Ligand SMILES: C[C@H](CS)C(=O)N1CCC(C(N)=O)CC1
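Taking the form deposited without this ligand, here's one chain by itself in structure tokens.
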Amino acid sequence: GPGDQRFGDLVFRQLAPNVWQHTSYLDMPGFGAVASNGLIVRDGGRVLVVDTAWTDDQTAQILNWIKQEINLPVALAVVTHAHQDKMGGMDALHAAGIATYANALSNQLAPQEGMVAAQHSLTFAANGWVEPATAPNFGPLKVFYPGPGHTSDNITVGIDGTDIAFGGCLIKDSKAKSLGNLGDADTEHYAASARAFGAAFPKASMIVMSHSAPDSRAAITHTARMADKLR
């Protein structure tokens, strides 16, 4: 290979010829730098972004890395729930003219979570799939609401043309010792929601998540099995 690229305070790992993971870091007192991962997808003369970094300035650095390494307009960004690690850098997307999308419920939750809402709301059909009219130009991003889990609003994304699915903070890796921050969790539905994400992207073999390296479908099984203990 070539290694994972460092650009300002971020790290970018290429996962497929048109997909990269972005990683940004925040110090949390007690246990050092906490990585948060999102995605970057090159499609049909544009770039799509999934999740912000923790901060505006870090998010502005993602845009700069895109401009330097890819050099295609960012058509849109989708954010996967209203917490700092996924939505902390909304202001930087908006300053850069980028159309932003989140679950309607994430936009309703954003103020109480201290987040800036996306500019557009996604709504989801009864079977969990995004309503296409509310997700124009998403191209290969297939967006699915699996039910409440890590938060009430958490949504997940598959990348058509690849073996990649992104569970965001709903899914922990296959050796995680707990389900992490449950302050906003739905402990009743968590397990079913994790299993629904797995059934929605049944062919995905690389599962990207918010706080560690990409794992296999074992991350989904282990997560659901941990969530079973909560209900």
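All residue numbers refer to positions in the sequence shown, first residue = 1.
What follows is about the form solved in complex with this ligand, which we do not show.
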Triple contact flag 28, 150 and 180 to this ligand in the bound PDB entry, non-hydrogen atom at 4.5 angstroms: yes
Answer range among 69 to 77, 131 to 139, 82 to 90, 117 to 125 for contact with this ligand, defined in the bound PDB entry as heavy atoms within 4.5 Å: 82 to 90
Contact of residue 54 with this ligand in the bound PDB entry (heavy atom, 4.5 Å): yes
Proximity of residue 169 to this ligand in the bound PDB entry, heavy atoms at 4.5 Å: yes
Interface membership of residue 192, this ligand in the bound PDB entry, 4.5 Å heavy atom rule: no
Contact of residue 217 with this ligand in the bound PDB entry (heavy atom, 4.5 Å): no
Residues of stretch 198 to 231 in contact with this ligand in the bound PDB entry (4.5 Å, non-hydrogen atom): 211
